[PDB]
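What follows is one structure encoded as structure tokens, with my remarks underneath.
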Amino acid sequence: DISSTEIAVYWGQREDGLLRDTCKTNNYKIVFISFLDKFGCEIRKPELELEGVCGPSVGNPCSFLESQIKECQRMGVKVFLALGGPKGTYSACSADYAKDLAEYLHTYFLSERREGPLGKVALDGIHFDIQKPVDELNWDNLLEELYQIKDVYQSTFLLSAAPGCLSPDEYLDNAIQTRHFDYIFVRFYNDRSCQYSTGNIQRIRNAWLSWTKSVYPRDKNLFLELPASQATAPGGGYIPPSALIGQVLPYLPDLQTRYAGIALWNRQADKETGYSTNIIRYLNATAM
């Protein structure tokens, strides 16, 4: 229901501030470290670069984040690594590379097995933000390979995706049809066919409906990914918090069985506008 809303947020740029500060707000159940955005056939050991935050090009090692990640986790925040995003050159390449990459993710991010880009960590999941890949092949294979690893090691890490709001998604449909994703964060913005606009919820309600049919199993596994400010939604889709709570959420089909919460693009914008804070105030403690 609305009261059980969980909030995820994207973090990974200078303007987002500290990962620690993000987690310690208590506003978020999930933080996506964003993004591993340079990988593909001949990239044997992908390197993490967080814009203005860490990586070889910045001169501050991403491994400094290990302690912050672990404190996030200790206070119950799930920390995911997000693949892809709006920039970079990324490809799952081939069936073979999909296995190599899944193993890399497991070894270096999901198991504390070796020192990796974020230090020695076991992240809570891998998030497929496949919005601008080289192309559409092999994302299903990557997901399959990660899913199989989880079974090999009886791991608890989660797998999630962020498709666009018109179903079927051009890049992620085959992956989503495997049913291996735990969570789907549908990007209801930058698309007039399926996003909110002032006084008009029909397109977003209809798109949500479409996604409830498209995504199996029929669990509480669907989130709305939304921009946290008008400026992070140049193509539209921003939903004022009062409208989200009053005009949109109550009217989502299968709200009571499918709705898990929302994700906010991005931490900087959320800080600027107070979006999640306001959401929590309303949906949370509507009556104390």
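Just remember, in the structure tokens the first chain shown is A, the second B, etc., residues are 1-based per chain, and ligands are 1-based in the order shown.
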*If you count only C-alpha atoms, which residues fall within 12 Å of residue 205 (chain A), apart from same-chain ones fewer than 2 positions away, as a ChimeraX atom specification?*
/A:165-166,188,193-197,200-203,207-212,224,244,247-255
Go ahead and write the residues just picked, N, CA, C and O atoms, as a short mmCIF file (atom, residue, chain, number, x, y, z; two decimals), in the first residue's frame.
```
data_model
loop_
_atom_site.label_atom_id
_atom_site.label_comp_id
_atom_site.auth_asym_id
_atom_site.auth_seq_id
_atom_site.Cartn_x
_atom_site.Cartn_y
_atom_site.Cartn_z
N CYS A 165 9.29 3.70 -19.83
CA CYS A 165 7.91 3.46 -19.48
C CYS A 165 7.02 2.91 -20.55
O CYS A 165 5.93 2.45 -20.22
N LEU A 166 7.45 2.85 -21.79
CA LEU A 166 6.61 2.18 -22.80
C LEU A 166 7.04 0.74 -22.96
O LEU A 166 8.16 0.47 -23.36
N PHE A 188 9.21 6.57 -15.57
CA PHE A 188 8.03 7.31 -16.03
C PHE A 188 8.38 8.78 -16.27
O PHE A 188 7.82 9.68 -15.66
N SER A 193 4.34 9.66 -23.94
CA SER A 193 3.32 8.64 -24.11
C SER A 193 2.91 7.98 -22.79
O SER A 193 1.83 7.39 -22.72
N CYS A 194 3.77 8.06 -21.77
CA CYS A 194 3.54 7.27 -20.58
C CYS A 194 3.80 7.98 -19.27
O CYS A 194 3.73 7.36 -18.22
N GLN A 195 4.10 9.27 -19.31
CA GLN A 195 4.42 9.99 -18.10
C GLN A 195 3.26 10.84 -17.62
O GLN A 195 2.28 11.10 -18.34
N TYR A 196 3.35 11.25 -16.36
CA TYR A 196 2.41 12.20 -15.81
C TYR A 196 2.52 13.56 -16.47
O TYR A 196 3.63 14.00 -16.80
N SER A 197 1.40 14.27 -16.55
CA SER A 197 1.43 15.73 -16.75
C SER A 197 0.32 16.33 -15.95
O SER A 197 -0.60 15.64 -15.54
N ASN A 200 -3.39 15.20 -15.71
CA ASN A 200 -3.60 14.06 -16.56
C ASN A 200 -2.80 12.86 -16.09
O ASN A 200 -1.61 12.77 -16.32
N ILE A 201 -3.51 11.93 -15.47
CA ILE A 201 -2.90 10.73 -14.99
C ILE A 201 -3.19 9.55 -15.87
O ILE A 201 -2.76 8.44 -15.58
N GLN A 202 -3.92 9.74 -16.98
CA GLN A 202 -4.35 8.55 -17.72
C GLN A 202 -3.20 7.80 -18.36
O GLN A 202 -3.21 6.56 -18.37
N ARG A 203 -2.22 8.52 -18.91
CA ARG A 203 -1.13 7.84 -19.59
C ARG A 203 -0.24 7.08 -18.61
O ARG A 203 0.17 5.96 -18.90
N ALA A 207 0.14 3.07 -18.41
CA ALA A 207 1.46 2.48 -18.54
C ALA A 207 1.73 1.55 -17.35
O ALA A 207 2.28 0.46 -17.51
N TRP A 208 1.39 2.01 -16.14
CA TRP A 208 1.53 1.14 -14.98
C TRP A 208 0.76 -0.16 -15.21
O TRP A 208 1.29 -1.25 -14.99
N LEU A 209 -0.49 -0.05 -15.64
CA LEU A 209 -1.27 -1.23 -15.96
C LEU A 209 -0.52 -2.15 -16.93
O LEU A 209 -0.44 -3.36 -16.71
N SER A 210 -0.01 -1.58 -18.00
CA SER A 210 0.73 -2.39 -18.97
C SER A 210 1.88 -3.14 -18.32
O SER A 210 2.12 -4.32 -18.61
N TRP A 211 2.62 -2.46 -17.45
CA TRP A 211 3.75 -3.07 -16.76
C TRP A 211 3.29 -4.17 -15.79
O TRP A 211 4.00 -5.18 -15.64
N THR A 212 2.13 -4.01 -15.15
CA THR A 212 1.67 -5.08 -14.28
C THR A 212 1.43 -6.35 -15.07
O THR A 212 1.56 -7.44 -14.55
N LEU A 224 7.87 3.06 -9.32
CA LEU A 224 7.92 4.19 -10.24
C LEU A 224 9.23 4.91 -10.08
O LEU A 224 9.52 5.44 -8.99
N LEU A 244 1.66 13.16 -6.50
CA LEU A 244 2.01 11.74 -6.49
C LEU A 244 1.16 11.01 -5.45
O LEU A 244 0.53 9.97 -5.72
N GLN A 247 -3.03 12.11 -6.29
CA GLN A 247 -3.58 11.99 -7.64
C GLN A 247 -3.13 10.74 -8.37
O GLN A 247 -3.79 10.34 -9.31
N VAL A 248 -1.95 10.20 -8.03
CA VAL A 248 -1.37 9.12 -8.81
C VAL A 248 -1.39 7.79 -8.08
O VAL A 248 -2.08 6.85 -8.51
N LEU A 249 -0.69 7.69 -6.95
CA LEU A 249 -0.58 6.42 -6.29
C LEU A 249 -1.90 5.71 -5.98
O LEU A 249 -1.99 4.48 -6.16
N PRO A 250 -2.92 6.45 -5.49
CA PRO A 250 -4.14 5.73 -5.14
C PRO A 250 -4.81 5.02 -6.30
O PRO A 250 -5.64 4.12 -6.09
N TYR A 251 -4.44 5.42 -7.50
CA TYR A 251 -5.12 5.00 -8.69
C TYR A 251 -4.32 4.05 -9.56
O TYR A 251 -4.69 3.79 -10.69
N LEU A 252 -3.21 3.55 -9.05
CA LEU A 252 -2.43 2.58 -9.82
C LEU A 252 -3.09 1.22 -9.76
O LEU A 252 -3.34 0.70 -8.68
N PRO A 253 -3.35 0.60 -10.93
CA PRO A 253 -3.93 -0.74 -10.87
C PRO A 253 -3.08 -1.74 -10.11
O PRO A 253 -1.88 -1.76 -10.24
N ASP A 254 -3.74 -2.58 -9.32
CA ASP A 254 -3.06 -3.57 -8.50
C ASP A 254 -2.04 -2.96 -7.53
O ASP A 254 -1.08 -3.60 -7.11
N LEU A 255 -2.34 -1.73 -7.10
CA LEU A 255 -1.57 -1.06 -6.08
C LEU A 255 -1.24 -1.98 -4.91
O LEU A 255 -0.10 -2.05 -4.47
#
```
Residues of region 74-191 of chain A at most 12 Å from region 42-62 of chain A: nearest atom pair and distance in Å, only C-alpha atoms, as a tab-separated table:
```
residue	atom	partner	partner_atom	distance
A:81	CA	A:48	CA	10.1
A:82	CA	A:48	CA	10.7
A:83	CA	A:48	CA	10.2
A:84	CA	A:48	CA	11.3
A:85	CA	A:50	CA	11.7
A:87	CA	A:51	CA	10.8
A:88	CA	A:49	CA	10.3
A:89	CA	A:43	CA	11.0
A:90	CA	A:43	CA	9.9
A:91	CA	A:43	CA	10.0
A:92	CA	A:43	CA	10.5
A:93	CA	A:42	CA	9.0
A:94	CA	A:42	CA	11.0
A:96	CA	A:42	CA	11.6
A:97	CA	A:42	CA	8.9
A:98	CA	A:44	CA	11.4
A:99	CA	A:44	CA	11.7
A:100	CA	A:44	CA	8.1
A:101	CA	A:44	CA	8.2
A:102	CA	A:45	CA	11.5
A:103	CA	A:45	CA	10.7
A:104	CA	A:45	CA	7.3
A:105	CA	A:46	CA	9.3
A:107	CA	A:45	CA	11.1
A:108	CA	A:45	CA	9.6
A:109	CA	A:48	CA	11.2
A:115	CA	A:62	CA	11.1
A:116	CA	A:62	CA	9.0
A:117	CA	A:62	CA	5.7
A:118	CA	A:62	CA	5.1
A:119	CA	A:62	CA	7.4
A:120	CA	A:62	CA	11.0
A:121	CA	A:62	CA	11.8
```
Determine, counting only C-alpha atoms, which protein, DNA and RNA residues have an atom within 8 Å of an atom of region 262-266 of chain A; residues of the same chain fewer than 2 positions away are not included. Present the result as a CSV table (one decimal) with N, CA and C atoms, in the first residue's frame.
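For reference, selection.csv as written:
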```csv
chain,number,residue,atom,x,y,z
A,5,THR,N,5.5,2.3,1.1
A,5,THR,CA,6.4,2.8,0.1
A,5,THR,C,7.8,2.7,0.6
A,6,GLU,N,8.7,2.1,-0.3
A,6,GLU,CA,10.1,2.2,-0.1
A,6,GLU,C,10.7,3.1,-1.2
A,7,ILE,N,11.7,3.9,-0.8
A,7,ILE,CA,12.3,4.8,-1.7
A,7,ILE,C,13.7,4.4,-2.1
A,8,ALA,N,14.0,4.4,-3.4
A,8,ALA,CA,15.4,4.2,-3.9
A,8,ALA,C,15.9,5.5,-4.4
A,9,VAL,N,17.2,5.7,-4.5
A,9,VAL,CA,17.8,6.9,-5.1
A,9,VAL,C,19.1,6.6,-5.8
A,10,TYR,N,19.3,7.3,-6.8
A,10,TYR,CA,20.6,7.3,-7.6
A,10,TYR,C,21.6,8.2,-7.0
A,11,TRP,N,22.8,7.7,-6.8
A,11,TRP,CA,23.9,8.4,-6.2
A,11,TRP,C,25.2,8.1,-7.0
A,16,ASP,N,25.8,15.2,-5.7
A,16,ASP,CA,25.0,14.3,-4.9
A,16,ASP,C,25.5,14.4,-3.4
A,185,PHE,N,12.1,-0.9,-11.9
A,185,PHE,CA,12.0,0.5,-11.6
A,185,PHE,C,11.6,1.2,-13.0
A,223,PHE,N,8.2,-0.5,-9.1
A,223,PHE,CA,8.5,0.8,-8.6
A,223,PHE,C,8.3,1.8,-9.7
A,224,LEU,N,7.9,3.1,-9.3
A,224,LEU,CA,7.9,4.2,-10.2
A,224,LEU,C,9.2,4.9,-10.1
A,225,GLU,N,10.0,5.0,-11.1
A,225,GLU,CA,11.2,5.8,-11.1
A,225,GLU,C,10.8,7.2,-11.7
A,226,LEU,N,11.1,8.2,-10.9
A,226,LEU,CA,10.6,9.6,-11.2
A,226,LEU,C,11.8,10.5,-11.0
A,227,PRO,N,11.7,11.7,-11.7
A,227,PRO,CA,12.7,12.7,-11.5
A,227,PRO,C,12.4,13.5,-10.2
A,228,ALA,N,13.4,13.9,-9.5
A,228,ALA,CA,13.2,14.5,-8.2
A,228,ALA,C,13.1,16.0,-8.3
A,232,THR,N,15.6,17.7,-13.7
A,232,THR,CA,16.1,16.4,-14.1
A,232,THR,C,15.1,15.7,-14.9
A,260,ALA,N,5.7,-1.4,-5.0
A,260,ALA,CA,6.7,-1.5,-4.0
A,260,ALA,C,7.2,-0.1,-3.5
A,268,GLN,N,21.1,14.5,-6.0
A,268,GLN,CA,21.3,16.0,-6.0
A,268,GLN,C,19.9,16.7,-6.1
A,269,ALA,N,19.1,16.2,-7.0
A,269,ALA,CA,17.8,16.8,-7.2
A,269,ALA,C,16.9,16.7,-6.0
A,270,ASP,N,17.0,15.5,-5.4
A,270,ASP,CA,16.2,15.3,-4.2
A,270,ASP,C,16.6,16.2,-3.0
```
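Between residue 160 (chain A) and the candidates A:230, A:273, A:221, A:256, the tightest atom-to-atom separation, counting only C-alpha atoms, involves A:221.
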*Expressed in Å to a single decimal, how great is the separation between CA of residue 241 (chain A) and CA of residue 167 (chain A)?*
25.0 Å
